[PDB]
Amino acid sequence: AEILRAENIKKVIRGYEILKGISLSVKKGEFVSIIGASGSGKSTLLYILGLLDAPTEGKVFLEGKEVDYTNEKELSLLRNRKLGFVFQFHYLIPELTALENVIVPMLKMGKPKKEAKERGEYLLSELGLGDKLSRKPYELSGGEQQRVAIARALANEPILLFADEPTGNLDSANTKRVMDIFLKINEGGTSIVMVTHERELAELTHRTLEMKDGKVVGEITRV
């Protein structure tokens, strides 16, 4: 069962072709990693696969259905319902508690606050933050902040989780903790597409796509 498909993706910025024609497909349950050096365009690709930015050319299919870029508000809602994001930076709202930050995507779906908070507590508890539900971002360490972002990414049980160097700001201890969380999330059936410049992290995934100068130049499959 294919969960995501990108066809002939190109991205041009100021006349420069960042992505030169990329096609790929992700199957349900796969943990994919995308690596590459400077100029690879790996993050630009991730933003397009995640429906954050529209490509210059090409199409994206989510669960077999072609994405409609005309209706941007509907696309934002589709993103919120089916996809989760974990960037290098936590992007937590400073005024909101850990729990309030996690329920944001749920409220966008029109979920009652009562039930949203119950699931939010569940998610935070599973990620080891059950005792810090009312803590605001300024009261959390880097590793805890990233875990709140992960809980938020899982808010609406996404079919796909996109991660852009999720452990970039973390020390070795939190890097292992976060990767283990991702492995557990994947074991739970959630597909993951993760960009990273760390081969050691890529080696823990099912498939690694290597990019160079806006093209996928190779792939290594580890079952």
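Numbering starts at 1 and follows the sequence shown.
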| item | value |
| --- | --- |
| Which of 19 to 27 and 196 to 204 has higher mean CA B factor, as the PDB entry lists it | 196 to 204 |
| Comparing 85 to 93 with 117 to 125, the one whose average Cα B-factor in the PDB entry is higher | 117 to 125 |
| Identity of residue with top Cα B-factor, from 107, 140, 150, 75 | 107 |
| Out of 164, 171, 57, 66, residue topping the C-alpha B-factor column of the entry | 171 |
| Chain-wide C-alpha B factor ranking for residue 176, given as lowest, middle or highest third | highest |
| Residue 9 CA temperature factor, ranked by third within the chain | lowest |
| Ranked against its chain, the third holding the CA B-factor of residue 185 | lowest |
| Residue 70 by Cα B-factor - lowest, middle or highest third of the modelled chain | middle |
| Where the record places residue 46 (Cα B-factor, split into thirds across the chain) | lowest |
